[PDB]
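**Q** Starting off with a structure, shown below.
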Amino acid sequence: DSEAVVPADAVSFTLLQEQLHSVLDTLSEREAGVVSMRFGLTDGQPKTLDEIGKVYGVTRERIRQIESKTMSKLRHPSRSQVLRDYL
DNA sequence: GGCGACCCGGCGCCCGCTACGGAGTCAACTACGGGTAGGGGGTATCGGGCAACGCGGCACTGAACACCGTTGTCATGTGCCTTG
Numbered sequence: 424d425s426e427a428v429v430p431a432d433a434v435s436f437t438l439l440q441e442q443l444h445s446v447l448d449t450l451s452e453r454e455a456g457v458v459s460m461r462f463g464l465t466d467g468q469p470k471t472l473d474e475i476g477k478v479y480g481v482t483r484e485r486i487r488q489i490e491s492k493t494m495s496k497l498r499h500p501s502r503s504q505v506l507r508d509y510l
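In the entry's author numbering, the protein residues as written are 424 to 510.
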């Protein structure tokens, strides 16, 4: 069958979730929160920028810039060696 | 007329795992009518890209006063000399 959850894939994905959450925790609290909302790491629906900019009380563009800074920081070679192997 | 064989149906199963071949197949038709679905066309709505512009530390603005420090200064007090 095709619906059977491959245990290898399941455990690899769980380890990916743990590593991703830890790497986000390495970042600042607000930065981790906004990037997680932008990519739905807590909920299956990511929120676009201005939709992040309602519960947090920041503008649709302030959120855009800090999201860009979070992407730049994550792209740093520091917090990339662990995530590269997971693809 | 219950016993009786016998007869028959009817059914029940028939060690263990790996490992080990493929193969796949014969007889209507058209007309309509709708409805969904596709396509492009155009339109309201959401999302992405830039400098001021919010702040804050401090810094300058020294300006304008304050804080001691100082040699300005004064009218007023001792010591020697001349005359009562």
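The beta-carbon is built from N, C-alpha and C at its ideal position, and this holds for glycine as well.
1) Reducing DSSP to helix, strand and coil, say where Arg453 ends up.
2) Candidates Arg453, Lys496, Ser495, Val505: which alpha carbon is nearest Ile475's?
3) Residue range of the alpha helix (DSSP H) that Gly463 falls in?
4) Within a Cβ cutoff of 6 Å, which residues of the same chain sit near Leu439, ignoring the five residues on either side of it in sequence?
5) Taking 8 Å as the threshold, find out whether the segment 447–462 comes into contact with the segment 477–493 through three or more Cβ pairs.
**A** By the coordinates alone:
1) helix
2) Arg453
3) Segment: none, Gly463 is in no alpha helix (DSSP H) and carries neither H nor E.
4) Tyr509
5) yes
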